[PDB]
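Within every chain, numbering begins at 1; the chains are lettered A, B, ... in the order of the sequence lines, protein sequences first and strands thereafter. Values below: all heavy atoms of this structure, side chains included; hydrogens, waters and symmetry mates excluded.
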Amino acid sequence: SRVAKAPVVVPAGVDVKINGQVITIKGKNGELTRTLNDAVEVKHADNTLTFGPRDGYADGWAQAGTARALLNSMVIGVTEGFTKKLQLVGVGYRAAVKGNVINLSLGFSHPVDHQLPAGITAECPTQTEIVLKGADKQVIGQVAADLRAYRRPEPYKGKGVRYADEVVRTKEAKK
Amino acid sequence: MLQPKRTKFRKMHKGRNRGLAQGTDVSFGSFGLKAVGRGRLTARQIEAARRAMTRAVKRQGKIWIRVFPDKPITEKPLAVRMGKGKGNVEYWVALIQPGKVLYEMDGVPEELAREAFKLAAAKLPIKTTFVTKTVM
Amino acid sequence: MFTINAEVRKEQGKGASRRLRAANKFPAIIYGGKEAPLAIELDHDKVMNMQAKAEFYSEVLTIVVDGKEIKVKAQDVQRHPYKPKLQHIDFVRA
Amino acid sequence: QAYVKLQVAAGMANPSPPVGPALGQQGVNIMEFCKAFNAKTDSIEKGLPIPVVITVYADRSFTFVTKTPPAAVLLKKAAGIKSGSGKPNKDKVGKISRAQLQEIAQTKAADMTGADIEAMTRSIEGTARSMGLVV
Amino acid sequence: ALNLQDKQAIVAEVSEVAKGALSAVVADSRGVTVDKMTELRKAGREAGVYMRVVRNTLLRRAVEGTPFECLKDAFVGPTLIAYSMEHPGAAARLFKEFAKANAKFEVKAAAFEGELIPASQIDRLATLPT
Amino acid sequence: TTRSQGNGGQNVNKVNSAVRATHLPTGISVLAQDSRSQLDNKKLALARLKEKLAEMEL
Amino acid sequence: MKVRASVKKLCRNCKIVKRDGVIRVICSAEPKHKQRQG
RNA sequence: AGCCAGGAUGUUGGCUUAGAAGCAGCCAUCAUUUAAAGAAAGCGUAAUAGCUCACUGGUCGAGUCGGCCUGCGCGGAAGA
RNA sequence: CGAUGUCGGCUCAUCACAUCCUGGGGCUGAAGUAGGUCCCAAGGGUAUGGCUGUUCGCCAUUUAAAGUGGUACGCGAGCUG
Ligand SMILES: [Mg+2]
Ligand SMILES: [Mg+2]
Ligand SMILES: [Mg+2]
Ligand SMILES: [Mg+2]
Ligand SMILES: [Mg+2]
Ligand SMILES: [Mg+2]
Ligand SMILES: [Mg+2]
Ligand SMILES: [Mg+2]
Ligand SMILES: [Mg+2]
Ligand SMILES: [Mg+2]
Ligand SMILES: [Mg+2]
Ligand SMILES: [Mg+2]
Ligand SMILES: [Mg+2]
Ligand SMILES: [Mg+2]
Ligand SMILES: [Mg+2]
Ligand SMILES: [Mg+2]
Ligand SMILES: [Mg+2]
Ligand SMILES: [Mg+2]
Ligand SMILES: [Mg+2]
Ligand SMILES: [Mg+2]
Ligand SMILES: [Zn+2]
């Protein structure tokens, strides 16, 4: 509907290949392929992608808007990529990266390690901050969610891994 | 505790409860709580709804109760056989027909009236509605 | 000012009354004056919305039947005991 | 930046008890505020609250600009009372003059946000009415 | 604000623009309460409260209002150029006040067109009666 | 509620007429099997449960 | 989670959302408002 | 709806308290610059301080809202 | 009613889940420890004695816990009496 009306422009150096309901976008960051719902009609008219229903598919505009948003983030990821910034809190909580496997230490009795998926990179400018780069927004969000899940930040001191953008409520141990 | 001060006879038939209601129109006050459902309201339920709605209106305006329970309802004690006569009057009900105006209100905003009537209807066995006094 | 479009009743009685009330109409009767009472059927939706205003029961109404106008005034209305619907209306010729 | 007006009557130097740590959220000095306040009050009468704005900078030189004495205590002196009112509409406190309200407002007309001083004269009329003084 | 209040508002602005000759332009992309209130206070100390900081240079309200007189302001509607009208005095000196306001801590989005009341250019006109 | 405790017949030592009642906030556990009817036991010895809690509180 | 048969909005932040055929009330602000119909 | 802005002065209303600055509570619950700002709708403090809400403007430009009746439908719904 | 043997104990159990423990989780008036409460979960496990015919109960001392119910209030052509 209202989202599907917004046509996503393809900049220069934006390879868009259609295949029925399979759409692949290649750029300067990387290539991403996603198959779309059968309802979604995606047309590339010489400079843009536009999204519409296929007749006889009831939830057509909703699937169309979802697909439009996904292709928009596909464009963004292939061109200028996505950044997720995670921040640790607490004493000794620290992060390192060995190539593509993050060594987290969060006051556990074992050292934590997350294996990244192929399409992502990570780096740690400081001891407790991690900026992690990628193309696929869903996967980069997923990896940030995993690093946060390793220790979700408590609401009593904010202690634990938090999104850098995140604002955490902090409660108080009333006595 | 609405209950007849005196009554001509001490026990009553079960009777039936069919037909539509008579006290259907908002006649005394300005706002009304009309019963869609067909049942019987014990004086207990009437008093609970009245207390709730009066407290909601903070003792402003006036409240009309357009049902008075006059039918005595009888029950046998526990663990007694079926014969040996009709049971004792344990409480009093007011048979309701669909459309009977259970309650009426004035002196409050329509909004406070709807809210109070809802806080009262939440105490009733039978599903109700908000209605207003209408000219003719 | 309310102009109400009505039809002359082909058939009367309880059964016909219920049939119209199912079929999105409701009866009424105009009476008064020297002409015999006229039995009409009304479109309940329009009449419901019309009488919503409190002046409906005060002003002088006009009813178009078969391309004839009748000036009346609302005498009495029959409403559903628990529904916001009209059952029947008494109109008195102006 | 970081300007909050919290002061007391000029009679009390070093208002450590009443405000104290609020005025000293930062590591800024407490003697500088007192000496600036005394220097400003040397030119006026003593015993009145005086609101001052505060801009603290990273060069360690706080900038301050003063305002007129508060209209609350100004009307307190105008009416000659020590307690304003409790629960006013029941029993009236005192009577107030339109001319004296205008005279009260004409001195702070310079600092106020108003051209025709009659507007803020009426505003202080409403102020005293909401306090419990009927004009 | 329905049709009625809309009609009184358009009546007020038409009456203001008809009564006054000169006006000035503004656009508060980063217009602070200090700047807005100082301009209104300047208006109040210069004369009555008739001068306003009203912000209504819509594409369908002021543009519809302008055909009455000073039709040259129709093209001014784009780029959100709000007006400040001046009833008394021949070529009042408050035109340079908005230029000074733009100079002192503004993002310079007003563009100080001057709407060519004397049919001049968009550049600043420093000559005024004295 | 459970079977009548004491010495009676097989009815007494088979049917759930004792209604033993415990006031948990204090732990005062007392109720009867006296009346052959369960609700009569419950109320009649609830009287003396209120009695025991009154004595304790007092 | 408050497992209620009668889920509601409790403040200005509570939001009703249906998930997998179950009505829920997610509160962006107040955790105690988090309700689940069931 | 969101994005861009603000959301002022009387006033820190008078109290009773240990202090009450809108937030403890009560009564008053007005007016002023007005595009617009409730003596306050919320969060915060020891009290402030502090982040907000209402309401005003700005940007894109076609629908948006919340009631009524109703059809079908969802949960409530745990036993050997 | 030309007989369907009742309480309790013993031996043997089998099912339900309205879960006592262990398992997963949400809120907490959850700092931690330990709790409260609610939800999912029936895979397993789920006292010994004193008194009493007792089931139950009270008590003593354990236990991770000593679950609530159905099963002819399971089980006498299996035992006791
Ligand atoms: Mg009969
Ligand atoms: Mg009857
Ligand atoms: Mg029939
Ligand atoms: Mg028995
Ligand atoms: Mg349940
Ligand atoms: Mg908006
Ligand atoms: Mg159902
Ligand atoms: Mg037999
Ligand atoms: Mg036989
Ligand atoms: Mg379960
Ligand atoms: Mg739990
Ligand atoms: Mg088992
Ligand atoms: Mg199984
Ligand atoms: Mg098993
Ligand atoms: Mg022995
Ligand atoms: Mg049984
Ligand atoms: Mg058995
Ligand atoms: Mg058993
Ligand atoms: Mg045996
Ligand atoms: Mg024997
Ligand atoms: Zn909430």
Side-chain angles (χ1 to χ4, degrees), chain A residues 2 5-6 154-157 159 169 171-175, chain C residues 45 48 83-85, chain D residues 2 4-8 17-23 25 49 51 70-72 74-76 81 83-90 93 105 108 111-116 118-133, chain E residues 27-33 36-37 40-41 44 49 52-59 80 82, chain F residues 1-7 9-16 18 20 22 29, chain G residues 1-7 11-12 18 21-23 29-38:
Chain A
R2 189 90 51 74
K5 297 299 193 293
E154 74 160 355
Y156 266 103
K157 281 177 256 297
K159 194 190 286 190
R169 177 68 160 90
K171 205 200 318 306
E172 186 264 328
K174 183 70 175 177
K175 167 66 170 68
Chain C
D45 313 308
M48 194 69 266
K83 291 175 182 287
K85 293 182 183 293
Chain D
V4 180
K5 45 183 168 66
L6 289 166
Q7 282 303 119
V8 297
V19 168
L23 189 58
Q25 286 274 318
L74 190 55
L75 66 91
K76 203 68 58 187
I81 205 166
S83 186
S85 179
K87 336 292 187 306
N89 290 139
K90 298 289 311 209
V93 162
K108 61 178 175 287
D111 191 57
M112 62 155 198
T113 52
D116 202 28
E118 190 180 1
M120 185 179 288
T121 306
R122 296 195 291 260
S123 72
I124 196 67
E125 187 273 331
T127 288
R129 157 58 195 70
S130 57
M131 281 196 218
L133 282 77
Chain E
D28 55 7
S29 177
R30 184 62 273 168
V32 66
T33 186
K36 282 182 290 284
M37 296 296 172
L40 189 153
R41 278 287 96 211
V49 302
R52 255 89 175 166
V53 74
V54 288
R55 280 165 65 187
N56 70 320
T57 182
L58 269 297
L59 276 298
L80 187 70
Chain F
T1 184
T2 187
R3 284 155 142 159
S4 290
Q5 291 76 27
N7 292 106
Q10 75 272 15
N11 193 276
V12 180
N13 312 130
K14 266 173 224 178
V15 172
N16 290 48
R20 183 191 306 121
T22 300
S29 66
Chain G
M1 194 91 55
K2 274 293 291 293
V3 179
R4 301 219 164 121
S6 174
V7 287
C11 70
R12 300 181 303 95
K18 188 165 81 68
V22 179
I23 319 298
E30 182 36 35
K32 291 174 70 175
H33 291 181
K34 215 182 71 193
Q35 301 144 290
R36 183 243 183 186
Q37 205 198 45

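The base of H/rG10 has none of its N or O atoms less than 3.5 Å from a complementary donor or acceptor on the side chain of D/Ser123. The base of H/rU32 is not paired with the side chain of D/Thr113 by any donor and acceptor separated by under 3.5 Å. A donor N or O paired with an acceptor N or O is found under 3.5 Å between the base of H/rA39 and the side-chain atoms of D/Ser130. Applying the 3.5 Å distance criterion, the base of H/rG61 shares no donor-acceptor pair with the side chain of A/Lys5. The base of I/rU6 sits with one of its N or O atoms less than 3.5 Å from a complementary donor or acceptor on the side chain of F/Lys14.
Proximity of D/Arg129 to the phosphate of H/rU29: a side-chain N or O atom is located under 4.0 Å from OP1 or OP2. Side-chain nitrogen and oxygen atoms of D/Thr127 include none within less than 4.0 Å of the OP1 or OP2 phosphate oxygen of H/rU32. Taking only side-chain nitrogens and oxygens, E/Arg52 comes nearer than 4.0 Å to OP1 or OP2 of H/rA35. Of the side-chain N and O atoms in C/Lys85, none sit less than 4.0 angstrom from OP1 or OP2 of H/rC68.
Here F/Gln10 lies out of heavy-atom contact (under 4.0 Å) with every strand. F/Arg3 comes within 4.0 angstrom of a base, heavy atoms only. Within 4.0 Å (heavy atoms only), D/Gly132 reaches no atom of the nucleic acid at all. Using a 4.0 Å heavy-atom criterion, one finds that F/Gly6 contacts the bases of the nucleic acid, with or without backbone contacts as well. Using a 4.0 Å heavy-atom criterion, one finds that E/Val32 contacts no nucleic acid atom at all. Residue contacts for D/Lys5: at a heavy-atom cut-off of 4.0 Å it reaches the sugar-phosphate backbone alone, with no base atom in range. At the heavy-atom level, D/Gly126 lies under 4.0 Å from base atoms of the strands shown. Within 4.0 Å (heavy atoms only), D/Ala22 reaches at least one base atom of the nucleic acid. Among the atoms of the strands shown, none is found under 4.0 Å from any heavy atom of A/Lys174. Residue E/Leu58 is in sugar-phosphate contact alone, with no base atom involved, counting any heavy-atom pair closer than 4.0 Å across all strands shown. Within 4.0 Å of D/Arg122, counting heavy atoms only, lie sugar-phosphate atoms of the nucleic acid but no base atom. F/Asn13 comes within contact range of at least one nucleobase, with a heavy-atom separation under 4.0 Å. Contact annotation for D/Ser85: base contact, defined as any heavy-atom pair under 4.0 Å involving a base atom. Using a 4.0 Å heavy-atom cutoff across all strands shown, A/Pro155 reaches at least one base atom of the nucleic acid.
Between the side chain of F/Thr1 and the main chain of F/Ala18, a donor-acceptor pair closer than 3.5 Å is present. Not a single donor-acceptor pair under 3.5 Å links the side chain of D/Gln25 to the backbone N or O of D/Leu23. At least one donor-acceptor pair under 3.5 Å links the side chain of F/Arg3 to the backbone N or O of F/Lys14.
Atom CG of D/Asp111 has more than 12 heavy atoms from other residues, nucleotides or ligands within 6.0 Å.
When the P atom is compared between H/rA37 and H/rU56, the two are found 10 Å apart, to the nearest whole Å. When the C1' atom is used for both H/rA8 and H/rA18, the distance is 33 Å, rounded to whole Å. To the nearest whole angstrom, the two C1' atoms, one in I/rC39 and one in I/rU55, are 35 Å apart.
Between F/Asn7 and A/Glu172, the residue whose closest nucleotide on RNA chain I is further toward the 5' end is A/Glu172. Across the interface with RNA chain H, nearest-nucleotide mapping of A/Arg2 and D/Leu6 shows D/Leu6 to be the residue nearer the 5′ end. Heavy-atom distances to RNA chain H give each of G/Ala5 and D/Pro21 a nearest nucleotide, and the one nearer the 5′ end belongs to D/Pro21. Positionally, the nearest nucleotide of RNA chain I for G/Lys34 lies more toward the 5' end than for the other of F/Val15 and G/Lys34.
Atoms CZ (E/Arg41) and P (H/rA8) sit 17 Å apart, rounded to a whole Å. Remark: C1' of H/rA36 and CG of E/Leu40 are 12 Å apart, rounded to the nearest angstrom. Whole-Å rounding puts the G/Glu30 CD to H/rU52 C1' distance at 17 Å. Remark: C1' of I/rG36 and NZ of G/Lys2 are 14 Å apart, rounded to the nearest angstrom. We find that CD1 of D/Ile124 is positioned 20 Å from P of H/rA28, with the value rounded to whole Å. Rounded to an integer number of Å, the gap from NZ of G/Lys32 to P of I/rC38 is 16 Å. As rounded to whole Å, 11 Å separates atom P of H/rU32 from atom CE of D/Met120.
South is the pucker class for the sugar of I/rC17, given a negative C1'-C2'-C3'-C4' value. Sugar puckers are classed by the sign of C1'-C2'-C3'-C4'; that of H/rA20 comes out south, on the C2'-endo side. Here H/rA46 has a south sugar; its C1'-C2'-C3'-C4' angle has a minus sign. Using the sign of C1'-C2'-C3'-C4' as the criterion, I/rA34 is classed as north-puckered. The furanose ring of H/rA5 falls on the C3'-endo (north) side of the pseudorotation cycle, as its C1'-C2'-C3'-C4' torsion is above zero.
With a glycosidic angle no more than 90° from 0, H/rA37 adopts the syn conformation.
H/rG14 and H/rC26 make a Watson-Crick or G-U wobble pair, with both donor-acceptor distances under 3.5 Å. Here H/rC43 is matched with H/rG50 as a Watson-Crick or G-U wobble partner, both contacts being under 3.5 Å. Nucleotides I/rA42 and I/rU22 fail the base-pair criterion, which asks for a Watson-Crick or G-U wobble arrangement whose two donor-acceptor distances both fall under 3.5 Å. Nucleotides H/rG25 and H/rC15 qualify as a pair under the Watson-Crick or G-U wobble definition, both contacts being shorter than 3.5 Å.
For H/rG38, the paired base is H/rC53 (Watson-Crick or G-U wobble, both distances below 3.5 Å). In a base pair of the Watson-Crick type (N1 to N3 plus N6-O4 or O6-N4) or a G-U wobble (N1-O2 and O6-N3), with each distance short of 3.5 Å, I/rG2 is matched with no nucleotide. I/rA13 is paired with I/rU71 under the criterion used here, namely a Watson-Crick or G-U wobble arrangement in which both key atom distances are under 3.5 Å.
Minimum heavy-atom separation, E/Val54 to E/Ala82: O-CB, 4.1 Å. Closest of all the heavy-atom pairs between C/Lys85 and C/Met48 is CA-SD, 4.0 Å. The minimum heavy-atom distance between F/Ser4 and F/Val12, with the atom names listed, is CB-O, 3.1 Å.
The pair D/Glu125-D/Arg129 fails the salt-bridge criterion, with no side-chain N (NZ, NE, NH1 or NH2) lying under 4.0 Å from an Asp/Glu carboxylate O.
Between E/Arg55 and E/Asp28 there is a side-chain heavy-atom pair separated by less than 4.5 Å.
For the atom pair NZ (G/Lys18) and CD (G/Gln37), the distance works out to 11.0 Å, reported to the nearest 0.5 Å.
The listed nucleotides are I/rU55, H/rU70, H/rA35; the one nearest the side chain of E/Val53 is H/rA35.
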